[PDB]
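Right, one structure below, let's go through it.
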Amino acid sequence: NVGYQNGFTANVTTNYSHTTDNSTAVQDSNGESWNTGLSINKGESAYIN
Amino acid sequence: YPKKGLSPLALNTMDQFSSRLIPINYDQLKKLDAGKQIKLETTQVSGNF
């Protein structure tokens with residue numbers, strides 16, 4: 342960075358860093374289901390008397 | 439003040455002890471591109487004898 346404060350001024354900065362991390366988690370689940378359905382045969386489908 | 443056959447002086451050297459630079463907009467730049475020029479004017483001086 343450069344600028345003007347009581348005359349000209351300048352500054353050069355360097356930087357480095359190193360981070361670590363760890364974590365846990367727990368997950369639950371529940372569910373239901375329904376199902377209906379039809380079947381048929383086209384041809385030979387009906388009986389009579 | 440620099441005598442016969444020397445180097446010139448400086449104005450607003452970047453140091454501890456200066457003043458700000460003088461800015462020019464686009465219009466006065468265009469006027470310098472045209473035929474008007476810059477006059478230096480010494481209002482009043484100060485010395486001793």
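Protein sequence lines correspond, in order, to chains A and E.
Under the authors' numbering, the very last position in the first sequence is 390; numbers go up by exactly one each time.
Under the authors' numbering, the very last position in the second sequence is 487; numbers go up by exactly one each time.
From the three backbone atoms N, C-alpha and C, an ideal C-beta is built for every residue, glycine too.
Item, Value
"Cβ of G348 (chain A) within 8 Å of any chain E Cβ", "yes"
"Boundaries (first-last residue) of the beta strand (DSSP E) holding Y345 (chain A)", "343-345"
"Beta bridge counterpart(s) of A351 (chain A) as assigned by DSSP", "A:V343"
"Start and end residues, alpha helix (DSSP H) containing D471 (chain E)", "464-471"
"Selection from E:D465, E:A448, E:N463 that minimises the alpha carbon distance to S457 (chain E)", "E:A448"
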